[PDB]
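Protein chains in written order, with our numbering: chain A, 7 to 98; chain B, 7 to 98.
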């Protein structure tokens with residue numbers, strides 16, 4: 007059963023919004039504080055840069071997207087273990 | 007912006023569980039009571055059968071999976087408009 011593979015103590019909200027030029031913060035909580043996660047934008051892996059800042063605080067895994075523009079208006083997902091959850095970012 | 011495409015008033019819960027031989031009920035709520043939805047099991051469209059019963063009550067879109075077995079332990083998603091949400095079903 008997929009039950010033995012549960013990895014998310016807290017998943018992403020269904021959707022988030024942000025004003026143009028603003029910053030959005032995505033947060034998920036893992037059961038295992040040592041488990042690694044990967045973030046994706048519309049299916050392509052996101053990596054640390056000036057647009058994307060990643061933080062790891064114990065069980066929390068955070069992704070900040072800076073200077074949000076319409077190019078950032080998209081679906082995003084994060085993987086942990088054999089699971090994944092997604093969200094939609096709406097840029098105003 | 008994807009904001010003008012929002013179609014889910016209520017999305018699926020992150021995960022559901024069910025006992026072997028039991029029945030599970032998935033429910034989502036659309037903003038538009040006339041909008042059609044499609045359900046998928048691990049990426050393949052689910053159709054009305056004895057295993058799958060679909061109900062439409064105003065804005066609510068429901069899917070019942072009967073006689074759940076380990077074969078039903080899987081990821082599922084539903085689409086509405088240009089959006090989709092997913093969930094995991096754990097069979098005990």
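Built from N, CA and C at the ideal position, the CB exists for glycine as well.
Under 7 Å between C-beta atoms of residue i and residue j
| i | j | result |
| --- | --- | --- |
| residue 125 of chain A | residue 22 of chain A | Here chain A covers residues 7 to 98 and nothing more, so residue 125 of chain A does not appear. |
| residue 32 of chain B | residue 7 of chain A | no |
| residue 11 of chain B | residue 73 of chain B | no |
| residue 98 of chain A | residue 25 of chain A | yes |
Closest residue to residue i among the options (Cα-Cα distance)
| i | options | result |
| --- | --- | --- |
| residue 93 of chain A | A:38, A:46, A:19, A:57 | A:19 |
| residue 68 of chain A | A:16, A:97, A:9, A:12 | A:16 |
| residue 47 of chain A | A:12, A:78, A:96, A:9 | A:78 |
| residue 52 of chain A | A:24, A:81, A:63, A:38 | A:81 |
Rounded straight-line distance, which links the Cα of residue j to that of residue i
| i | j | result |
| --- | --- | --- |
| residue 76 of chain A | residue 58 of chain A | 15 Å |
| residue 71 of chain A | residue 54 of chain A | 10 Å |
| residue 56 of chain B | residue 90 of chain B | 24 Å |
| residue 63 of chain A | residue 49 of chain B | 34 Å |
| residue 61 of chain A | residue 14 of chain B | 30 Å |
| residue 66 of chain A | residue 65 of chain B | 35 Å |
Chain-ordered neighbours of residue i on chain E, where CB pairs are closer than 7 Å
| i | result |
| --- | --- |
| residue 79 of chain A | Among the protein chains of the structure shown, namely A and B, there is no chain E. |
Exercise. Given 8 Å as the limit, is there contact between the segment 80-87 of chain B and the segment 42-56 of chain B, that is, 3 or more CB pairs closer than that?
Worked result: Contact holds: three or more Cβ-Cβ distances are below 8 Å.
Exercise. Listed from N- to C-terminal order along the chain, which residues in the segment 50-67 of chain B have their beta-carbon within a distance smaller than 8 Å of any beta-carbon of chain A?
Worked result: Along the segment 50-67 of chain B, none of the residues has a CB nearer than 8 Å to a CB of chain A.
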